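Q: Sharing a structure here in structure tokens format.
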Amino acid sequence: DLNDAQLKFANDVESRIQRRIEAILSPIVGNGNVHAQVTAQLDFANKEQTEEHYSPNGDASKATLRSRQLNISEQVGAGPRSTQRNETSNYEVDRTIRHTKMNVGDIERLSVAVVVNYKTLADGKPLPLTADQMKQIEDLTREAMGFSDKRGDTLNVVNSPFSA
Amino acid sequence: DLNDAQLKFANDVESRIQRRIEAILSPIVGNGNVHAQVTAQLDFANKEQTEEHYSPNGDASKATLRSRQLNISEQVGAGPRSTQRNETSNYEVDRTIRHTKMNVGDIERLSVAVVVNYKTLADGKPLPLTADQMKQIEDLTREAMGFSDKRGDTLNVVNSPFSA
Amino acid sequence: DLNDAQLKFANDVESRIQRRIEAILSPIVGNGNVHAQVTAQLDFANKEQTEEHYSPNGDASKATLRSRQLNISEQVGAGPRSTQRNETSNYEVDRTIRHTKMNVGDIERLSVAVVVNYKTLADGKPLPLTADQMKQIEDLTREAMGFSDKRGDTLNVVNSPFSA
Amino acid sequence: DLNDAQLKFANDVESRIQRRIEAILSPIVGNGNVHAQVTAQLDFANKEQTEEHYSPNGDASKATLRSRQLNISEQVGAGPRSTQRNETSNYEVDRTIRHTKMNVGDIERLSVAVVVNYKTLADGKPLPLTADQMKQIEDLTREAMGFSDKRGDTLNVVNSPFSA
Amino acid sequence: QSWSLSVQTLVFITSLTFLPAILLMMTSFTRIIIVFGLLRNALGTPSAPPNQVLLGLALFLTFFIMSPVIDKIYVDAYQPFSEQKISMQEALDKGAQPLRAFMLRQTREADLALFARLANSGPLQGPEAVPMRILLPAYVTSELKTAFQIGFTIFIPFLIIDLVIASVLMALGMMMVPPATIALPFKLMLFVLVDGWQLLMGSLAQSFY
Amino acid sequence: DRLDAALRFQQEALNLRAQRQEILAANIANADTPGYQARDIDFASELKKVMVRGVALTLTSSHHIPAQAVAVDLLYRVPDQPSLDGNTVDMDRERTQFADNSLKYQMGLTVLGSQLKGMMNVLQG
Amino acid sequence: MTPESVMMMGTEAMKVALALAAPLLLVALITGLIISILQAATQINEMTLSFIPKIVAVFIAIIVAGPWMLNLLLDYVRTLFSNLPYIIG
Amino acid sequence: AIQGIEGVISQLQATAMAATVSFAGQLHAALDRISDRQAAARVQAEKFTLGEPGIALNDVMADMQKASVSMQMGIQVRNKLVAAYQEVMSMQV
């Protein structure tokens with residue numbers, strides 16, 4: 001029931017990422033000379049979070065006060081000195097409440113496998129690509145897939161001649 | 001009843017992972033020269049979790065205060081010294097409540113078995129593949145299956161000539 | 001009644017594991033040159049669990065406080081010294097409640113018996129397989145069956161010529 | 001009434017274990033050259049169990065605290081020393097409640113008797129089997145029956161020529 | 001947690017004042033006396049048996065009907081109270097449940113739904129979680145409706161007798177003859193020969209079941 | 001909690017008067033012990049500080065010991081004359097303070113009793 | 001206590017009532033009609049000769065059929081009072 | 001038990017989300033308050049009789065008098081409520 005809807009959601013996301021990669025990889029490598037497939041680890045767990053933050057007021061310069069009683073006594077007779085300080089302070093503090101409801105269906109970790117073809121010249125020899133072109137393909141695929149390191153995304157692009 | 005629905009859910013997930021692997025393994029190895037099967041250990045246990053986190057306030061620099069009473073007395077007569085400090089502090093602390101309902105049907109551990117064929121040239125000799133090509137197949141299968149180490153995923157790709 | 005439904009559930013699970021093993025064992029060993037049967041020890045016991053976890057606060061660095069009263073007195077007359085420290089601390093602790101309802105019908109322990117045939121060449125001599133091929137079959141069967149050591153899974157693959 | 005249903009349940013379980021054993025023992029020993037019968041000691045006793053577990057907190061490092069009062073007094077006059085320490089601690093402990101309803105109809109102890117035939121060559125002499133083949137049959141039967149040592153399972157496979 | 005003795009005595013004596021209210025709105029009494037109030041009308045004699053006789057007969061019938069409920073309350077709740085194994089609060093919580101079940105089984109679902117909606121109560125999971133503030137007036141409403149149903153059905157044979165007697169009187173040309181006085185003795189005949197009182201009380205007792 | 005709040009001041013003052021009476025009686029008892037210093041409490045300051053302002057164990061179980069959880073600044077009376085035994089108890093001042101404290105304790109009792117009497121007379125009908 | 005049930009109850013009650021009146025009413029009507037026919041054939045002007053034989057025939061009908069109607073009506077009342085607990089809704 | 005912690009996780013998860021007055025409830029609360037005050041006074045008097053050190057006679061008597069005042073207030077409120085109920089239920093509708 002709901003599981004099938006989630007699976008179809010994942011399939012559509014993967015297909016659209018695949019198409020976005022293919023769109024940029026087509027003009028330079030050529031139609032059919034590139035194949036990519038995407039798998040997506042998604043987030044279907046309902047989470048609700050409330051965050052409370054208090055600004056520190058331990059420093060007297062940023063401390064906000066409402067009432068303060070400072071009783072000071074010094075009975076000098078060091079000799080028979082007698083110092084007494086009774087201090088009472090009531091503070092008002094900065095407060096920030098944030099309520100967050102995470103979206104259901106977010107992407108947790110995306111791994112993408114891309115395979116490119118060789119280059120057959122007018123003679124027909126399948127000449128492999130170069131390192132610079134491979135790096136360009138890797139960068140383009142990283143851009144298309146929305147590659148990020150916090151998610152833990154992995155990308156692998158290899159070059160091999162396609163079969164007949 | 002519900003068990004059959006869960007089993008069909010597992011079968012669909014396994015079939016789609018199999019198809020994703022086959023899709024990338026087809027262009028280079030060739031149609032029929034690759035076979036893969038997927039088994040999935042799934043999560044059909046309803047879990048509900050509430051998490052509460054308090055930011056530490058043991059350091060006076062990050063401690064947020066509402067009221068503070070500091071009575072200090074020093075009756076010097078070390079001699080007949082008499083020091084007395086009565087300190088009362090009321091704090092306000094950061095608080096974060098997270099409520100999480102894990103999705104039913106998540107994947108716990110995925111193990112995938114892939115078998116590839118040999119290479120029969122124009123003569124017909126079944127020449128086995130190379131180490132580099134095997135490593136490329138392993139990487140592509142890891143990408144397609146969404147291989148992860150936290151889950152405990154295992155992958156095995158072997159090369160052997162297919163039977164008639 | 002319910003027992004028959006559970007038994008049919010076990011039979012379907014065993015049959016699907018058998019078919020998954022056969023699917024990968026077919027292309028290399030050959031159709032009919034492999035037979036496997038699966039038995040499954042399942043879990044039909046309804047379990048409900050609630051887990052409560054408290055983060056330790058014995059270290060003053062990670063201890064979260066709401067109110068703290070520290071009365072300190074030192075009446076020096078070591079001589080007639082008199083030290084007195086009355087400390088009262090109220091803490092707030094991290095709390096995590098997890099409620100888990102285990103699924104009914106999970107697998108506890110899976111043991112699988114697989115038998116393979118010999119190799120009859122063009123002459124017809126039933127040549128037995130090799131150690132490397134046997135290891136490959138064992139690995140493939142382990143992958144297909146979802147072999148795990150926490151469950152206590154056992155696998156046995158033997159090579160013997162099939163009867164007429 | 002209910003006893004007959006339980007007996008039929010036992011008969012079906014025994015028959016299916018028998019068929020699973022026969023399925024693997026057939027291809028190598030041959031059709032009819034193997035006979036097996038299974039008896040099952042089952043569990044038709046309704047049991048309900050509630051388990052409570054407390055994490056130990058005797059070590060100050062893992063002890064979670066809510067309130068702590070530590071009154072310390074040292075009146076030095078060893079001489080006329082006077083030490084007094086009044087410590088009151090309130091703890092919060094980890095708690096895990098597990099509620100389990102065991103399934104009715106589980107297997108307690110399975111014992112299986114298997115008998116195999118001799119080998120009649122083209123001449124017709126009933127040549128007995130070998131030790132290695134007997135060990136293979138024992139292992140296959142153990143795998144098929146789901147042999148376990150916690151249950152107390154017993155297996156006996158003997159070789160003898162079948163009667164006409 | 002237990003209340004003090006003074007508070008317990010105060011609560012007990014205060015709750016002793018609600019005895020007529022409890023009897024009318026919680027027991028069978030409301031259905032019985034009302035039917036009697038109609039039966040004396042059907043017989044044609046508003047005087048009938050005296051009011052006190054009917055009231056006491058209804059009281060005895062009510063006690064006989066609630067004997068199982070009273071026994072269950074005595075066993076489950078009041079017995080630990082006398083044998084010191086329960087408090088007054090817990091006794092009040094526990095003893096009402098059989099009476100709540102008795103009230104619920106004779107409560108029409110429509111009236112209960114009406115009073116829920118009118119109290120804006122949340123989703124009640126099941127009969128067991130119905131508040132008493134919602135069960136009491138709904139039970140009284142269903143009780144009134146059932147009593148009126150029984151009374152109207154009772155009104156039938158005497159209507160038959162009145163119609164037959166009036167038709168006989170008019171078919172003979174005796175138009176100036178009031179048929180009520182003639183038909184009253186025949187109504188008394190009908191109630192005597194069929195054993196009307198015993199049959200009616202048996203029917204009421206069976207109706208509550 | 002308004003009945004507690006209305007009667008709080010006089011009840012607390014009465015308790016403080018009882019405590020100070022105990023201290024004065026202890027002063028009178030120790031009138032002849034050498035090296036004893038007469039002590040007393042400032043009534044006003046202590047009363048205001050009480051009006052302006054332990055941790056028992058958690059009996060979560062129904063079968064464990066309730067256990068125990070377990071504050072007036074004693075001011076020294078200034079001596080009138082020196083004595084060789086170092087006893088600063090001047091009996092004239094202590095007797096005057098004893099009579100004064102007993103009298104004010106009785107007055108506090110009278111005032112609190114009048115408040116309770118009026119409150120109970122209001123409810124009587 | 002649906003409207004269809006209430007009417008099936010009313011129809012049954014009216015059957016019983018009419019089956020109770022018909023033996024008497026039919027005899028009264030027959031007697032009155034016969035007397036008026038005789039009056040028309042004899043040319044008499046008095047509308048009271050049709051009452052006395054009518055009341056006589058009514059009394060004889062009561063004497064003859066009283067047990068039958070009494071038994072039938074008592075059985076109907078017994079059935080109604082026995083079914084009474086089970087018609088409330 | 002397991003039921004109780006499920007209930008408590010439910011409580012926390014509603015607290016996270018957030019971040020009909022009944023006369024019977026009020027009467028129960030008032031009775032509980034009167035009983036609690038009476039029980040506290042009785043316990044303190046019992047402890048004082050048993051020679052407990054940290055309890056004074058004046059506090060015991062004052063607490064007993066306060067409990068008596070509270071219970072008298074409860075009695076008077078009950079009397080007024082009963083009079084109102086008996087007046088309302090004596091109507092002729």
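Identifiers in this document derive from the order of the structure tokens: chains are assigned A, B, ..., residues are numbered from 1 separately in each chain, and ligands are numbered from 1 in order of occurrence.
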Need to verify the contact set: residue 36 in chain H, 9 Å, only C-alpha atoms, exclusion of same-chain residues closer than 4 positions in sequence. Can you return it as an NGL selection string?

A: (:E and (1 or 3-4)) or (:H and (31-32 or 40-41))

Q: Write out as a PDB file with C-alpha atoms, in the first residue's frame every residue belonging to chain B that has an atom at most 8 Å from any atom of chain A, counting only C-alpha atoms.

A:
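Contents of the output file iface-v6.pdb:
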```
ATOM      1  CA  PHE B   9       7.304  -5.948  -1.004  1.00  0.00           C
ATOM      2  CA  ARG B  20      19.374  -1.778 -11.763  1.00  0.00           C
ATOM      3  CA  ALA B  23      21.110  -2.257 -16.598  1.00  0.00           C
ATOM      4  CA  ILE B  24      24.694  -1.074 -16.081  1.00  0.00           C
ATOM      5  CA  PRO B  27      26.342  -2.462 -22.088  1.00  0.00           C
ATOM      6  CA  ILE B  28      29.901  -3.591 -21.306  1.00  0.00           C
ATOM      7  CA  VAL B  29      29.545  -7.386 -20.565  1.00  0.00           C
ATOM      8  CA  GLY B  30      26.708  -7.857 -23.081  1.00  0.00           C
ATOM      9  CA  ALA B  60      30.372  29.379  33.860  1.00  0.00           C
ATOM     10  CA  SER B  61      30.921  30.846  30.371  1.00  0.00           C
ATOM     11  CA  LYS B  62      28.037  28.979  28.695  1.00  0.00           C
ATOM     12  CA  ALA B  63      25.783  28.845  31.781  1.00  0.00           C
ATOM     13  CA  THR B  64      22.486  30.714  31.498  1.00  0.00           C
ATOM     14  CA  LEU B  65      21.120  32.121  34.754  1.00  0.00           C
ATOM     15  CA  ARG B  66      17.779  33.450  35.972  1.00  0.00           C
ATOM     16  CA  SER B  67      18.499  34.237  39.633  1.00  0.00           C
ATOM     17  CA  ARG B  68      21.697  34.216  41.662  1.00  0.00           C
ATOM     18  CA  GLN B  69      22.275  34.905  45.364  1.00  0.00           C
ATOM     19  CA  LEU B  70      25.896  35.285  46.506  1.00  0.00           C
ATOM     20  CA  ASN B  71      26.399  35.981  50.217  1.00  0.00           C
ATOM     21  CA  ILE B  72      30.071  36.597  51.043  1.00  0.00           C
ATOM     22  CA  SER B  73      31.456  37.176  54.538  1.00  0.00           C
ATOM     23  CA  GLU B  74      35.067  37.620  55.684  1.00  0.00           C
ATOM     24  CA  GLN B  75      35.640  38.374  59.383  1.00  0.00           C
ATOM     25  CA  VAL B  76      39.416  38.734  59.696  1.00  0.00           C
ATOM     26  CA  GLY B  77      40.614  38.959  63.292  1.00  0.00           C
ATOM     27  CA  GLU B  92      17.959  27.752  32.309  1.00  0.00           C
ATOM     28  CA  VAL B  93      19.146  24.998  29.984  1.00  0.00           C
ATOM     29  CA  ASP B  94      18.897  24.310  26.271  1.00  0.00           C
ATOM     30  CA  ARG B  95      16.437  21.558  25.422  1.00  0.00           C
ATOM     31  CA  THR B  96      15.856  19.541  22.244  1.00  0.00           C
ATOM     32  CA  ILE B  97      13.022  17.012  21.950  1.00  0.00           C
ATOM     33  CA  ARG B  98      13.088  14.800  18.856  1.00  0.00           C
ATOM     34  CA  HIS B  99      10.206  12.450  18.064  1.00  0.00           C
ATOM     35  CA  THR B 100      10.932   9.827  15.410  1.00  0.00           C
ATOM     36  CA  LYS B 101       8.698   7.178  13.834  1.00  0.00           C
ATOM     37  CA  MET B 102      10.840   4.816  11.767  1.00  0.00           C
ATOM     38  CA  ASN B 103       9.452   3.708   8.418  1.00  0.00           C
ATOM     39  CA  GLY B 105       9.826  -1.743   5.292  1.00  0.00           C
ATOM     40  CA  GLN B 136      35.190  -2.405 -12.522  1.00  0.00           C
ATOM     41  CA  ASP B 139      32.569  -1.208  -8.277  1.00  0.00           C
ATOM     42  CA  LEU B 140      29.580  -0.865 -10.615  1.00  0.00           C
ATOM     43  CA  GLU B 143      27.198   1.503  -6.790  1.00  0.00           C
ATOM     44  CA  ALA B 144      24.003  -0.057  -8.159  1.00  0.00           C
ATOM     45  CA  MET B 145      23.169  -2.026  -5.007  1.00  0.00           C
ATOM     46  CA  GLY B 146      23.731   0.988  -2.761  1.00  0.00           C
TER      47      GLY B 146
END
```

Q: Excluding residue 1 in chain G and any residue of its chain fewer than 4 positions from it, enumerate the residues within 7 Å of it, using only C-alpha atoms, and give them as a ChimeraX atom specification.

A: /G:5-6,87-89

Q: Taking 5 positions as the minimum chain separation for residues in the same chain, which residues sit within 10 Å of range 45-62 of chain H when counting only C-alpha atoms? Answer as a list in words.

A: residues 7, 11, 12, 14, 15, 18, 19, 109, 112, 113 and 116 of chain F; 39, 40, 67 and 68 of chain H

Q: Could you name the residues that touch range 175-185 of chain E at 12 Å or less, counting only C-alpha atoms, but leaving out those on the same chain fewer than 5 positions away, as a PyMOL selection string?

A: chain E and resi 40-46+48+157-170+190-192

Q: Could you save the residues just selected, with N, CA and C atoms, as a short mmCIF file (atom, residue, chain, number, x, y, z; two decimals), in the first residue's frame?

A:
```cif
data_model
loop_
_atom_site.label_atom_id
_atom_site.label_comp_id
_atom_site.auth_asym_id
_atom_site.auth_seq_id
_atom_site.Cartn_x
_atom_site.Cartn_y
_atom_site.Cartn_z
N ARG E 40 -52.94 2.53 34.14
CA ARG E 40 -54.15 2.99 34.82
C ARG E 40 -54.99 3.88 33.93
N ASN E 41 -54.36 4.53 32.94
CA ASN E 41 -55.12 5.30 31.97
C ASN E 41 -55.80 4.41 30.94
N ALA E 42 -55.16 3.30 30.56
CA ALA E 42 -55.74 2.41 29.57
C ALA E 42 -56.97 1.69 30.11
N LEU E 43 -56.95 1.32 31.39
CA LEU E 43 -58.07 0.61 32.00
C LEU E 43 -59.31 1.48 32.16
N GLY E 44 -59.20 2.79 31.93
CA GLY E 44 -60.32 3.68 32.07
C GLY E 44 -60.56 4.20 33.47
N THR E 45 -59.78 3.75 34.45
CA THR E 45 -59.91 4.22 35.82
C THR E 45 -58.65 4.97 36.20
N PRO E 46 -58.64 6.30 36.13
CA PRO E 46 -57.46 7.05 36.61
C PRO E 46 -57.18 6.82 38.08
N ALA E 48 -57.73 3.81 39.85
CA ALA E 48 -56.99 2.56 39.72
C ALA E 48 -56.52 2.07 41.09
N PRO E 157 -55.29 -3.51 23.38
CA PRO E 157 -56.51 -4.32 23.57
C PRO E 157 -57.68 -3.53 24.12
N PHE E 158 -57.42 -2.54 24.96
CA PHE E 158 -58.51 -1.72 25.49
C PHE E 158 -59.10 -0.84 24.40
N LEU E 159 -58.26 -0.36 23.47
CA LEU E 159 -58.79 0.32 22.29
C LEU E 159 -59.66 -0.61 21.46
N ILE E 160 -59.23 -1.87 21.32
CA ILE E 160 -60.03 -2.85 20.60
C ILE E 160 -61.40 -3.00 21.25
N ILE E 161 -61.41 -3.13 22.58
CA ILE E 161 -62.67 -3.30 23.31
C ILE E 161 -63.56 -2.08 23.14
N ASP E 162 -62.99 -0.88 23.29
CA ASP E 162 -63.78 0.33 23.15
C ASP E 162 -64.38 0.45 21.76
N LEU E 163 -63.58 0.17 20.72
CA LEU E 163 -64.09 0.26 19.36
C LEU E 163 -65.20 -0.76 19.11
N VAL E 164 -65.01 -2.00 19.57
CA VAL E 164 -66.03 -3.03 19.35
C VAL E 164 -67.32 -2.66 20.06
N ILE E 165 -67.22 -2.20 21.32
CA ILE E 165 -68.42 -1.86 22.08
C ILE E 165 -69.14 -0.67 21.44
N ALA E 166 -68.38 0.34 21.01
CA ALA E 166 -69.00 1.50 20.38
C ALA E 166 -69.68 1.13 19.07
N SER E 167 -69.04 0.26 18.27
CA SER E 167 -69.65 -0.18 17.02
C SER E 167 -70.93 -0.97 17.28
N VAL E 168 -70.92 -1.83 18.30
CA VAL E 168 -72.12 -2.59 18.64
C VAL E 168 -73.23 -1.66 19.10
N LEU E 169 -72.89 -0.66 19.93
CA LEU E 169 -73.89 0.28 20.42
C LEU E 169 -74.49 1.09 19.28
N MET E 170 -73.66 1.53 18.33
CA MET E 170 -74.16 2.35 17.23
C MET E 170 -74.90 1.53 16.17
N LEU E 190 -61.12 -8.16 30.81
CA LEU E 190 -59.93 -8.52 30.05
C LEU E 190 -58.69 -8.56 30.93
N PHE E 191 -58.56 -7.59 31.84
CA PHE E 191 -57.38 -7.59 32.70
C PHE E 191 -57.42 -8.73 33.72
N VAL E 192 -58.62 -9.18 34.10
CA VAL E 192 -58.71 -10.25 35.10
C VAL E 192 -58.45 -11.61 34.47
#
```

Q: Where in chain B does DSSP assign helix (DSSP H, G or I), given as an MDAnalysis selection string?

A: chainID B and resid 2:29 131:145

Q: What's the separation between CA of residue 53 in chain G and CA of residue 31 in chain G, in Å to one decimal place?

A: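 CA of residue 53 in chain G sits 7.0 Å away from CA of residue 31 in chain G.
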
Q: For chain G, report every residue with an atom at most 7 Å from chain E (counting only C-alpha atoms), formatted as a compact mmCIF listing (two decimals) with C-alpha atoms, in the first residue's frame.

A:
```txt
# COMPACT_ATOMS: atom_id res chain seq x y z
CA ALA G 17 -61.27 -6.44 16.24
CA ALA G 21 -67.37 -7.53 15.60
CA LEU G 25 -72.70 -6.82 13.38
CA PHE G 51 -84.78 -2.69 17.21
CA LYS G 54 -82.17 -6.80 16.63
CA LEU G 74 -57.70 -13.69 25.44
CA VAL G 77 -53.84 -10.54 24.38
CA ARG G 78 -51.61 -13.29 25.79
CA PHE G 81 -48.09 -9.46 26.17
CA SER G 82 -45.66 -12.35 25.66
CA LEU G 84 -44.05 -7.23 24.20
CA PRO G 85 -40.46 -7.43 25.58
CA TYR G 86 -39.12 -8.25 22.10
CA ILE G 88 -38.85 -2.52 21.58
```

Q: Figure out the distance between CA of residue 31 in chain C and CA of residue 126 in chain B, please, to one decimal in Å.

A: 19.8 Å

Q: Please identify the strand (DSSP E) residues within range 42-161 of chain A (assignment by DSSP from backbone atoms) and present them as a PDB file with C-alpha atoms, in the first residue's frame.

A:
```pdb
ATOM      1  CA  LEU A  42      15.387   7.875   1.035  1.00  0.00           C
ATOM      2  CA  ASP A  43      13.896   9.092   4.320  1.00  0.00           C
ATOM      3  CA  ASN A  46       8.305  11.152  10.334  1.00  0.00           C
ATOM      4  CA  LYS A  47      10.403  13.311  12.676  1.00  0.00           C
ATOM      5  CA  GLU A  48       9.305  16.245  14.833  1.00  0.00           C
ATOM      6  CA  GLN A  49      11.778  18.395  16.738  1.00  0.00           C
ATOM      7  CA  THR A  50      11.549  21.353  19.129  1.00  0.00           C
ATOM      8  CA  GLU A  51      14.755  23.260  19.922  1.00  0.00           C
ATOM      9  CA  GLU A  52      15.270  25.711  22.794  1.00  0.00           C
ATOM     10  CA  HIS A  53      18.373  27.914  23.023  1.00  0.00           C
ATOM     11  CA  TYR A  54      19.401  30.253  25.845  1.00  0.00           C
ATOM     12  CA  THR A  64      20.236  41.688  31.363  1.00  0.00           C
ATOM     13  CA  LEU A  65      18.827  42.480  34.802  1.00  0.00           C
ATOM     14  CA  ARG A  66      15.392  43.203  36.252  1.00  0.00           C
ATOM     15  CA  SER A  67      16.142  43.597  39.968  1.00  0.00           C
ATOM     16  CA  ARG A  68      19.389  43.727  41.913  1.00  0.00           C
ATOM     17  CA  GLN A  69      20.013  44.005  45.661  1.00  0.00           C
ATOM     18  CA  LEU A  70      23.596  44.698  46.772  1.00  0.00           C
ATOM     19  CA  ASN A  71      24.143  44.969  50.531  1.00  0.00           C
ATOM     20  CA  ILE A  72      27.739  45.940  51.359  1.00  0.00           C
ATOM     21  CA  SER A  73      29.166  46.239  54.870  1.00  0.00           C
ATOM     22  CA  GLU A  74      32.735  46.992  55.993  1.00  0.00           C
ATOM     23  CA  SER A  82      34.680  42.517  58.809  1.00  0.00           C
ATOM     24  CA  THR A  83      33.556  42.557  55.178  1.00  0.00           C
ATOM     25  CA  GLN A  84      30.106  41.335  54.153  1.00  0.00           C
ATOM     26  CA  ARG A  85      28.551  41.458  50.669  1.00  0.00           C
ATOM     27  CA  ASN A  86      25.057  40.050  50.029  1.00  0.00           C
ATOM     28  CA  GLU A  87      24.211  40.186  46.318  1.00  0.00           C
ATOM     29  CA  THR A  88      20.921  39.051  44.761  1.00  0.00           C
ATOM     30  CA  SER A  89      20.339  39.366  41.010  1.00  0.00           C
ATOM     31  CA  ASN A  90      17.346  38.466  38.831  1.00  0.00           C
ATOM     32  CA  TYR A  91      18.104  38.111  35.123  1.00  0.00           C
ATOM     33  CA  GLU A  92      16.148  38.091  31.865  1.00  0.00           C
ATOM     34  CA  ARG A  95      15.160  32.688  24.253  1.00  0.00           C
ATOM     35  CA  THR A  96      14.721  31.039  20.847  1.00  0.00           C
ATOM     36  CA  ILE A  97      12.213  28.225  20.281  1.00  0.00           C
ATOM     37  CA  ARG A  98      12.443  26.457  16.922  1.00  0.00           C
ATOM     38  CA  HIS A  99       9.849  23.877  15.884  1.00  0.00           C
ATOM     39  CA  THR A 100      10.799  21.731  12.893  1.00  0.00           C
ATOM     40  CA  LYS A 101       8.858  19.040  11.026  1.00  0.00           C
ATOM     41  CA  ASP A 106      14.111  13.333   1.636  1.00  0.00           C
ATOM     42  CA  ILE A 107      17.310  11.843   0.226  1.00  0.00           C
ATOM     43  CA  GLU A 108      19.806  10.348   2.689  1.00  0.00           C
ATOM     44  CA  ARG A 109      22.559   8.892   0.486  1.00  0.00           C
ATOM     45  CA  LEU A 110      22.830   8.852  -3.312  1.00  0.00           C
ATOM     46  CA  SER A 111      25.183   6.542  -5.213  1.00  0.00           C
ATOM     47  CA  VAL A 112      25.391   6.696  -8.996  1.00  0.00           C
ATOM     48  CA  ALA A 113      27.020   4.341 -11.510  1.00  0.00           C
ATOM     49  CA  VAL A 114      27.924   5.776 -14.929  1.00  0.00           C
ATOM     50  CA  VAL A 115      29.536   3.914 -17.834  1.00  0.00           C
ATOM     51  CA  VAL A 116      30.834   5.566 -21.008  1.00  0.00           C
ATOM     52  CA  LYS A 119      35.737   6.449 -29.321  1.00  0.00           C
ATOM     53  CA  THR A 120      35.575   4.754 -32.731  1.00  0.00           C
ATOM     54  CA  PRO A 126      37.834   1.949 -30.418  1.00  0.00           C
ATOM     55  CA  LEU A 127      40.211   4.558 -29.011  1.00  0.00           C
ATOM     56  CA  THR A 154      29.554   7.937  -3.900  1.00  0.00           C
ATOM     57  CA  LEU A 155      30.162   8.239  -7.647  1.00  0.00           C
ATOM     58  CA  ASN A 156      31.929   5.800  -9.984  1.00  0.00           C
ATOM     59  CA  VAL A 157      32.487   6.503 -13.687  1.00  0.00           C
ATOM     60  CA  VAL A 158      34.424   3.914 -15.705  1.00  0.00           C
ATOM     61  CA  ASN A 159      35.352   3.774 -19.396  1.00  0.00           C
TER      62      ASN A 159
END
```

Q: Taking a cut-off of 12 Å and counting only C-alpha atoms, can you build a table that, for each residue of chain F near chain C, reports the nearest atom pair and how far apart they are in Å (one decimal), sorted by chain then residue number, as CSV?

A:
```
residue,atom,partner,partner_atom,distance
F:54,CA,C:88,CA,8.9
F:55,CA,C:88,CA,8.4
F:69,CA,C:88,CA,11.2
F:70,CA,C:86,CA,11.6
F:71,CA,C:71,CA,11.7
```

Q: Quick one: residues within 10 Å of residue 25 in chain F, only C-alpha atoms counted, chain neighbours fewer than 6 positions away excluded, as number ranges by chain?

A: F: 19, 31, 94-95, 98
